[PDB]
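In what follows, a single structure is set out as structure tokens and then discussed.
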Amino acid sequence: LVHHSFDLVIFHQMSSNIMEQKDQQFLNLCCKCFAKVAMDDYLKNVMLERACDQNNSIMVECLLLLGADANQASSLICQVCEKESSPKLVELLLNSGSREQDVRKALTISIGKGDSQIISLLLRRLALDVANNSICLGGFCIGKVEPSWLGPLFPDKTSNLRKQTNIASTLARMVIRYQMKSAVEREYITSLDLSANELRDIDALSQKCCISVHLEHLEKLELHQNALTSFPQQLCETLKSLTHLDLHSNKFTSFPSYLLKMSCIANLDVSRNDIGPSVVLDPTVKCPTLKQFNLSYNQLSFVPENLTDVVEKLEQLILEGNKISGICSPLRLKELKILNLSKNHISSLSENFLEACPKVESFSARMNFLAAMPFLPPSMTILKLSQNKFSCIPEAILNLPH
Amino acid sequence: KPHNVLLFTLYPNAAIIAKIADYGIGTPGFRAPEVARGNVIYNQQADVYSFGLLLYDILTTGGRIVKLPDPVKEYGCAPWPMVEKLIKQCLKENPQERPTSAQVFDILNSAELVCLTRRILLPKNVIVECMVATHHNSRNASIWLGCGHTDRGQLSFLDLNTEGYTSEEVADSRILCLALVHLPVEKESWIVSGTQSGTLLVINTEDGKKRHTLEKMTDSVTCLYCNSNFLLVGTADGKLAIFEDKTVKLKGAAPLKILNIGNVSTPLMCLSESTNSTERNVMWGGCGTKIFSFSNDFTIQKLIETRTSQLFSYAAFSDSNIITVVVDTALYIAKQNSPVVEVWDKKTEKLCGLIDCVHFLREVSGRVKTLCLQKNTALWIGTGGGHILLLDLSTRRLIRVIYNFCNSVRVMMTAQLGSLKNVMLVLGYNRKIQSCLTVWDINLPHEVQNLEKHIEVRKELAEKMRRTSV
Amino acid sequence: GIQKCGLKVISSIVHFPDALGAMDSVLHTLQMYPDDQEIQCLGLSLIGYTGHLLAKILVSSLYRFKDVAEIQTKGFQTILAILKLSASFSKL
Ligand SMILES: Cc1ccc(C(=O)Nc2ccc(CN3CCN(C)CC3)c(C(F)(F)F)c2)cc1C#Cc1cnc2cccnn12
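Chains as they are written, first to last, in PDB author numbering: chain A, 666 to 738, 742 to 853, 981 to 1197; chain B, 1996 to 2020, 2034 to 2074, 2091 to 2252, 2261 to 2396, 2411 to 2478, 2489 to 2526; chain C, 558 to 577, 584 to 612, 623 to 665.
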């Protein structure tokens, strides 16, 4: 029966406004027949496959409630998403159990046939944790990014809860009863991980569709291991509440100075890019909230200039790995706490280059050609000068009080 | 060590999160004492001690890294009592007392481990009948447990952030019901209780001396409710007084209106509200076997009879009185000393479904004690035999049966803490009499379902991996 | 209703070189409009060169009427062209 044509007539009659009609005995017989064919649950899986091959989300819910392995088969979710389907159907399939690998393959499919609705439906399952208030799109290889996708992911407090229909659940309840009788007889999102998605630009985030009002409350944006080249300035001013911005392992070529215009930026990380050959921070920009700065493994050939006037209260200045020739301009960061110039080309530090930084505690200068150590602040606690040509312990380090 | 635990993601609902690694580069901080003594080879039964140390570090969030102390005391962290017991288990000196690895994983597989948040014992062990949470979202996240211990009443006050409590006797006789009312416009908050003397007393939470006494009734007050206004009152002779929220500030206040829903042969036990917002103007109450509803005008708008239940259900359980009424799309009814739950509809005023908790329980006395609902379509059934049931309102089926944590569940409130998080307090008995107040995470049913699906997916992955390797 | 004259304008523009996708649009219209749009669905040229739904729609449109002389020959020319484009089309 289910082999030849049972679905083609049953779904047609039960979905053609079978409710809202004084056909109580009629529905009773159809549900009796349903409970009769409900045995041999393999057949139920066949019915689900046929009910998904067509776009009839009214009865798929009933099949799922009676118990149908949504991970039966090109799995079901990839099939439904390949052909043009309805958001209700993919939602009902995601709510029921379906393998994560299948959902990932379905996301790739829906990425191919660009459809914001199914994309958001899937990302709300793969990469959203409401407890943490974080989007976790890390490593999905989404070659692009569109605000129309991340739209419904953000809470969007205007939305509410409404039971659109209940006919499927009641239908499921009565067929289950008949089978039993036959047997007896605020809270915004504060993170957005887009790392390692093989991006190439984020220009599509500008006056975004309902995402602009939500980016104003972001407090972290991991964009690392992508391949960007710039950071859109309109995004810099929109992100009015960031504290942690990550841009390492991208492909940058010059430091965007306007990054330091963000109202609350406090941990900037542009490392392992090809930035160079010199970072010049513009004196008109005053960033008193930047309490970390990682310019490691770039191609810098100087210390970032104007660092005292611009990044006033800096704590950790990490310039490891760059090719810095040799310091000549004294740092004036009154609040520095950890300097790191390891793996550079320095051969001699200027005799008063660290005298005007009275809070230095850590100072790493490995893998240089250092031979003499100049006057150091007395607060220096850790001092890691390794692999760097000292013929004798300097006299300036034997007098460090702590 | 944590140095050997790699993380492949940070999304909680991921199939693969943590892995193990041995870089091949024991450690003093992370070794068993038997291993430190140079006694024998490492052995399986010492890895469990190392794993207990790792669990301690995860619980304390790496605090120890930067004879083990109390995790909650030495460092700041939420209790998580099931894991504290597991830690104290797998860190015992005698290695024969350490659980085997399969057992450790088996007890790490329970949703009651993730969801149980705080478990507080009461040392006095007094029979605690009622309790009311503090509707204040301030630092005074506390309860106001009412109980009966003498010819007069017993008044506890258990603070959550402190886990210590103060007891008092400020009523003239035992109390049966509590209620709290907070008027932010006047910044006044009062705790009103129903005393078996046959009166009502007010105690202002701002000052322990600001006390009043209210109008007297011939029987003992059995239930109270505050609607957010008007203060609902309920006696045992079928009386329904309304108290204005503001008028009760003064002593000897007057009831704005009084209805006699019923008679002395029928007590009024439960008053509730409709969960759906479209029906926010109906309050339901059970006077004996009458499921009556009265509108915002305090006039009865429907009057069902429950004596019809004996025609289908057993007469023995039918001729009891109503305990609770859980208002939703369908009315949920619990009757005294009855293991069966009745489901009614508002419109047709007739029975729609029955729930035989004995089936679920025997599948594992089974007397029903309390009913609670969450808008997530999970109705929590607290059975007097000390077992909680989780029913899904869409299918009316079992989710999981929670037991072996108390012997007799007394009451079960839903409440919020000062961290804006919603929890479900379960005050249960422990007759070895001892009263234990477990504070469950409101997401217990979702946790059960998600963890089941998650462990099944991981089992499938491991099975497939074993097959392709062979 | 305007989709008929819209497909007429489409038939007008397909003669221009480098008409390139518009195949999904006209496919959705044909799935929406069974009779009138299919009468001009002969304008469907080599587009998309893998969705089985498109071929199913084509054959189902041909069979649903199966009594109009011109649409039969037009659809046969179309299916001949697309099978010449891909031999895997014959399997499906
Ligand atoms: C490159 C690499 C090489 C080797 C191993 C390794 O752990 N091998 C291993 C050797 C033996 C054993 C079993 N023995 C246990 C001891 N026992 C005394 C004898 C039996 C096991 C075990 F997993 F089964 F336990 C593993 C791991 C890595 C890694 C990595 C990696 C990947 N991502 C990151 C990110 C940061 C850092 N590392 N990292």
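Cβ atoms here follow ideal geometry from the backbone N, Cα and C, with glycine treated the same way.
**OP:** Could you spell out the range, first to last residue, of the beta strand (DSSP E) harbouring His1039(A)?
**Re:** 1039 to 1041
Subject >> Option in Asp2183(B), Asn2506(B), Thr2174(B) with minimal Cα separation from residue 1990(B) >> reply: The structure shown has nothing for residue 1990(B), since chain B only spans 1996 to 2526.
Original post:
Whose Cβ in chain C lies nearer than 9 Å to the Cβ of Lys751(A)?
Top reply: Neighbours of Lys751(A) on chain C, chain order: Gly624, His625, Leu626.
**OP:** Please report how far the alpha carbon of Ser2162(B) lies from the alpha carbon of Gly2464(B), in whole angstroms.
**Re:** 6 Å
Original post:
Just the Cα atoms here: how many angstroms apart are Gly2222(B) and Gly2266(B)?
Top reply: 11 Å
Original post:
Should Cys562(C) be labelled buried (16 or more other beta-carbon atoms within 10 Å of its own) or exposed?
Top reply: Looking at its Cβ environment, which holds fewer than 16 other Cβ atoms inside 10 Å, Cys562(C) is exposed.
Original post:
Are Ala2010(B) and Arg2514(B) closer than 9 Å when you measure CB to CB?
Top reply: yes
Subject >> Cα-Cα separation between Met2458(B) and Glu2192(B), rounded to whole angstroms >> reply: 23 Å
Subject >> Contact set for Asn1163(A): own chain, Cβ-Cβ below 6 Å, skip 5 residues either direction >> reply: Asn1139, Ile1141, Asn1183
**OP:** Say yes only if the C-beta of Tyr707(A) is nearer than 8 Å to one or more non-hydrogen atoms of ligand 1, and no if none qualify.
**Re:** No, since every heavy atom of ligand 1 falls outside the 8 Å radius drawn around the Cβ of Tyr707(A).
**OP:** Look up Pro2287(B) in the DSSP assignment and say whether it is helix, strand or coil.
**Re:** In the structure shown, the three-state DSSP call for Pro2287(B) is strand.
Subject >> Nearest-angstrom beta carbon gap, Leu1037(A) and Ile1060(A) [assumed within contact, 8 Å] >> reply: 6 Å
Original post:
Is DSSP giving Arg2072(B) helix, strand or coil here?
Top reply: coil
Original post:
So what's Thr1103(A) in DSSP terms, helix, strand or just coil?
Top reply: Note: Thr1103(A) maps to helix in three-state DSSP.
Original post:
Excluding five sequence neighbours on each side, which residues of the same chain lie with their C-beta closer than 6 Å to the C-beta of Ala795(A)?
Top reply: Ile803, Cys804, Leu805
**OP:** For residue 1201(A), count neighbouring Cβ atoms within 10 angstroms of its own Cβ and tell me buried if that reaches 16, exposed if not.
**Re:** The structure shown does not extend to residue 1201(A), since chain A spans only 666 to 1197, so no value can be given for it.
Original post:
Do you know how far the Cα of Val2359(B) is from the Cα of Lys2283(B)?
Top reply: 33 Å
Subject >> DSSP three-state assignment for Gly780(A), whether helix, strand or coil >> reply: helix
**OP:** Name the one or two DSSP bridge partners that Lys1015(A) has.
**Re:** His1039(A)
Original post:
For the putative contact between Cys749(A) and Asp770(A), defined by C-beta atoms under 8 Å, what is the C-beta separation to the nearest angstrom?
Top reply: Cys749(A) to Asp770(A), Cβ: 10 Å. No contact.
Original post:
Nearest to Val2495(B) by CA position, among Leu2132(B), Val2138(B), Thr2338(B), is which residue?
Top reply: Minimum Cα distance to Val2495(B) is reached at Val2138(B).
Original post:
Going straight from the alpha carbon of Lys2289(B) to that of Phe2275(B), what length do you get?
Top reply: 8 Å
**OP:** Would you please verify whether the beta carbon of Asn2313(B) is less than 9 Å from any beta carbon of chain A?
**Re:** no
Subject >> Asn2499(B) in three-state terms, based on DSSP >> reply: It is coil, neither helix nor strand.
Original post:
Roughly how many angstroms lie between the CA atoms of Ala2203(B) and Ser2306(B), to the nearest whole one?
Top reply: Distance between the alpha carbons of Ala2203(B) and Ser2306(B) is about 19 Å.
Original post:
Hey, quick one: how far does the alpha helix (DSSP H) through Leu761(A) stretch, first residue to last?
Top reply: 755 to 763
Subject >> Closer than 7 Å to ligand 1: residues, by C-beta to nearest heavy atom, in chain order >> reply: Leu2001(B), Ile2015(B), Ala2016(B), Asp2017(B), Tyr2018(B), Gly2019(B)
**OP:** Check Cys2452(B) in the structure and name its three-state DSSP category.
**Re:** coil
Original post:
Checking contacts by CB at 9 Å: is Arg2442(B) closer than that to chain A?
Top reply: yes
**OP:** For the beta strand (DSSP E) containing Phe2275(B), list its first residue and its last residue.
**Re:** 2272 to 2275
Original post:
Across which residues does DSSP place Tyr2364(B) in a beta bridge pair?
Top reply: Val2358(B), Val2375(B)
**OP:** Starting from the N-terminal side, write out each stretch of the beta strand (DSSP E) that is 3 residues or longer and does not extend beyond the stretch 1027 to 1080 of chain A.
**Re:** 1039 to 1041, 1062 to 1064
Original post:
Counting pairs of beta carbons, one from the stretch 841 to 848 of chain A and one from the stretch 993 to 1001 of chain A, are three or more of them closer than 8 Å?
Top reply: no
**OP:** Compare the C-alpha of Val1155(A) against each of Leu1112(A), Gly1121(A), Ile1119(A) and name the closest.
**Re:** By alpha-carbon distance to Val1155(A), the top candidate from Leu1112(A), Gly1121(A), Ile1119(A) is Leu1112(A).
Original post:
Rounded to a whole number of angstroms, what is the C-alpha to C-alpha distance between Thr2423(B) and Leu2435(B)?
Top reply: Per the coordinates, the alpha-carbon of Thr2423(B) lies some 13 Å from the alpha-carbon of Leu2435(B).
Subject >> Supposed close pair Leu1195(A), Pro1173(A) - CB separation, criterion 8 Å >> reply: 6 Å
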